[PDB]
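Residue numbers (the UniProt record's numbering), protein chains in the order written: chain A, 111 to 261; chain B, 111 to 261; chain C, 1201 to 1248; chain D, 697 to 748; chain E, 697 to 748. In this text, a Cβ means the ideal position worked out from N, Cα and C, and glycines have one as well. Have a look at the structure below, then the notes.
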Ligand SMILES: CC(C)CCC[C@@H](C)[C@H]1CC[C@H]2[C@@H]3CC=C4C[C@@H](O)CC[C@]4(C)[C@H]3CC[C@]12C
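What follows is the structure, given as structure tokens:
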């Protein structure tokens, strides 16, 4: 908890950055500066392949990074604005729960561990598909529902 | 079980279309155009060896798709016209538990997931063996009991 | 003429390997395409 | 004129056979939920993946 | 003068391709939280071991 930092544009809030494990991650589609000067001055590696900008956490002064896991069992997860249903290879939320500007928020399991980062979603009718970034035991991978857009 | 996916494709409907997973499914031996427009305009791929036609489900109605699994433990399964006994790897129903024109109906497990779709069956005394479309891991297969007729 | 006629398709000049190369090239494309279809049909046949 | 026709006809047949094979070995993947086509097959048959 | 220019240009291109390949190959490991770069991969990519 309380591991979320704001990313701000010149005239508005644009997205969020999160401290997970040993690295700090933000969506590459979010254009702005991190509110925390300690992270704002930190260099990031940009990869358009996964829509990520990542950097190492100054753990010597930032020991409050969240716990994380590569495990993705079926069930419900906590994504701040409510519960998210996970089944198969997709995360699903209520249609009125999602919004633009919410990108960068992590999804937590029942142990408080981060499993994925939210980039956006797609309207599937009664439910909205959630577009997220997750990882396996070795490397990071991205999940992109059809018709999904950045938030 | 408590949900209806069985869309009529003709006025004098013979069999029904349904939404399973991410694909629209109907028997390949039944003529007519699927109603409700959104499915009517879909192109379908036909395979004469499976008696099955399939098309991609439109994103906006994807949330209404039925749950799907390849798991097929021995036991009882449900459908809109009664129960189904699964024994020896084969699905069987009581004679008179269904008629021609009732095809295209999914068979559901105890979690409400689709395991098979009915095409027809063979009437042997008090019990009828069903001809069904079913799935294994990453493959579609068909079961056709001897003497089975199309429904 | 002191000789007889040249009237057969068989008596085309040498350096006609161009004909054999083109014919062989097209025949090879057919032979390969035929094999691809045969293998797929065999796999499809075995699957039920 | 005849040689050109025959050679072109043979090519057209070879292409038709390849296209038939392309459909026959893929259709079962489209029929199966999830369209879980393996990577190597997608390269061979020039087809798109489930998430395309 | 021209031969020297062209040969030097070819070398510069070969290097640029290698650097592009190196970045793309390693990104998935450096971009991933909690991940550790394989020893052999670090030797191939000519990079520092693990995270230090
Ligand atoms: C590059 C390739 C296509 C060259 C092919 C040359 C061929 C098409 C030409 C060159 C010499 C020609 C042959 C010359 C002699 C005869 C005998 C005549 O009674 C019938 C036609 C026939 C048989 C001609 C057929 C066409 C021919 C074989």
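> With DSSP run on the structure shown, which of helix, strand or coil describes residue 1241(C)?
Replying inline: Three-state DSSP puts residue 1241(C) in a helix.
> Whose CB is closer than 7 Å to a heavy atom of ligand 1? List the residues in chain order.
Replying inline: Any residue whose Cβ sits closer than 7 Å to a heavy atom of ligand 1 makes the list: 1206(C), 1207(C), 1208(C), 1209(C), 1211(C), 1212(C), 1213(C), 1216(C), 1218(C), 1219(C) and 699(D).
> Of all the residues that make up the region 226-238 of chain A, which are near chain B by a beta-carbon distance shorter than 9 Å?
Replying inline: Answer in chain order: 232, 233, 234, 235, 236, 237 and 238.
>> With a threshold of 9 Å between beta carbons, is residue 1246(C) in contact with chain B?
In response: Judged by the 9 Å Cβ criterion, residue 1246(C) is not in contact with chain B.
> Taking only beta-carbon atoms, is residue 115(B) less than 9 Å away from chain D?
Replying inline: Using a CB distance cut-off of 9 Å, residue 115(B) does not count as an interface residue toward chain D.
>> Under 9 Å, Cβ to Cβ, is there at least one residue of chain E near residue 131(A)?
In response: Interface residue, yes.
>> Cutting at 8 Å between CB atoms, please list the residues of its own chain near residue 744(D), excluding the five before and the five after it.
In response: These residues qualify, in order along the chain: 738.
>> Just checking residue 723(E) against ligand 2 - is the residue's beta carbon closer than 8 Å to any of the ligand's heavy atoms?
In response: By its list of ligands, the structure shown excludes ligand 2, since it contains just ligand 1.
>> Please return the same chain residues whose Cβ sits closer than 7 Å to the Cβ of residue 149(A), not counting the five positions on each side in sequence.
In response: In the same chain as residue 149(A), and ignoring 5 residues on each side of it, the C-beta atoms closer than 7 Å to its own belong to 115, 127 and 134, in chain order.
> Alpha carbon to alpha carbon, how far is residue 159(A) from residue 230(A)?
Replying inline: For the pair residue 159(A) and residue 230(A), the Cα-to-Cα distance works out to about 15 Å.
> From the beta carbon of residue 728(D), is the nearest beta carbon of chain B less than 9 Å away?
Replying inline: At least one chain B Cβ lies under 9 Å of residue 728(D).
> Between 167(B), 178(B) and 137(B), which lies nearest to residue 252(B) when the distance is taken from Cα to Cα?
Replying inline: Checking every option, the nearest Cα to that of residue 252(B) belongs to 137(B).
>> I want to know whether the region 204-223 of chain B touches the region 1218-1225 of chain C - three or more CB-CB distances under 8 Å.
In response: As far as the Cβ criterion goes, the region 204-223 of chain B does not touch the region 1218-1225 of chain C, which means the pair count is below three.
>> Here's the rule: buried if 16 or more other CB atoms are within 10 angstroms of the residue's CB, otherwise exposed. What is residue 1204(C)?
In response: Residue 1204(C) comes out exposed.
> Is the beta carbon of residue 714(D) less than 9 Å from the beta carbon of residue 1237(C)?
Replying inline: In terms of Cβ geometry, residue 714(D) and residue 1237(C) form a close pair [threshold 9 Å].
> What does residue 723(D) touch in chain B if you count any residue whose Cβ is under 7 Å from its own?
Replying inline: Those within 7 Å of residue 723(D) in chain B are 155 and 157.
>> Residues in the same chain with beta-carbon distance under 6 Å from residue 237(A), minus the five sequence neighbours each way, listed in chain order, please.
In response: Answer for residue 237(A): 202, listed in chain order.
>> Once the 5 residues before and after residue 733(D) are set aside, which same chain residues still bring their CB inside 8 Å of it?
In response: Cβ-Cβ distances below 8 Å link residue 733(D) to 722, 725, 743, 745 and 746 in the same chain, with the five nearest sequence neighbours on each side left out; the list follows chain order.
>> If distances are taken between C-alpha atoms only, which option among 124(B), 132(B), 120(B) and 161(B) comes closest to residue 146(B)?
In response: Nearest C-alpha to residue 146(B): 120(B).
>> In whole angstroms, give me the CA-to-CA distance for residue 169(A) and residue 117(A).
In response: Note on geometry: alpha-carbon atoms of residue 169(A) and residue 117(A) lie some 20 Å from one another.
>> Let me check one thing: in DSSP terms, what residues is residue 240(B) bridge-paired to?
In response: 231(B), per the DSSP bridge assignment.
> Counting only runs that start and end within the UniProt domain "Peptidase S3" (113-261) of chain A, where is the beta strand (DSSP E) found for 3 or more residues in a row?
Replying inline: Counting only runs of 3 or more, we get 114-118, 123-130, 133-137, 155-157, 162-166, 185-188, 193-197, 200-204, 216-218, 224-233, 237-245 and 250-253.
> For residue 259(A), which option in 232(A), 247(A), 155(A) and 171(A) has the closest C-alpha, if you only look at C-alpha atoms?
Replying inline: Across the set 232(A), 247(A), 155(A) and 171(A), the C-alpha of 232(A) shows the shortest separation from the C-alpha of residue 259(A).
> Which stretch, first to last residue, makes up the alpha helix (DSSP H) that contains residue 706(D)?
Replying inline: Note, residue 706(D): alpha helix (DSSP H), 698-720.
>> Quick check on residue 1214(C) - is its C-beta less than 9 Å from some C-beta in chain D?
In response: Using beta-carbon distances, residue 1214(C) does not count as an interface residue toward chain D, since no partner is under 9 Å.
> Near residue 210(B), which residues of its chain fall below 6 Å by C-beta distance, leaving aside the five closest residues on each side in sequence?
Replying inline: Leaving aside the five residues that flank residue 210(B) on each side, the residues in its chain whose CB is nearer than 6 Å to its CB run, in chain order, 261.
> For a contact meaning CB atoms closer than 9 Å, what does residue 254(A) contact in chain D?
Replying inline: Contact of residue 254(A) with chain D by beta-carbon distance below 9 Å involves 747.
> Which of the three DSSP states, helix, strand or coil, is assigned to residue 1219(C)?
Replying inline: The answer is helix: DSSP assigns residue 1219(C) an H, G or I state.
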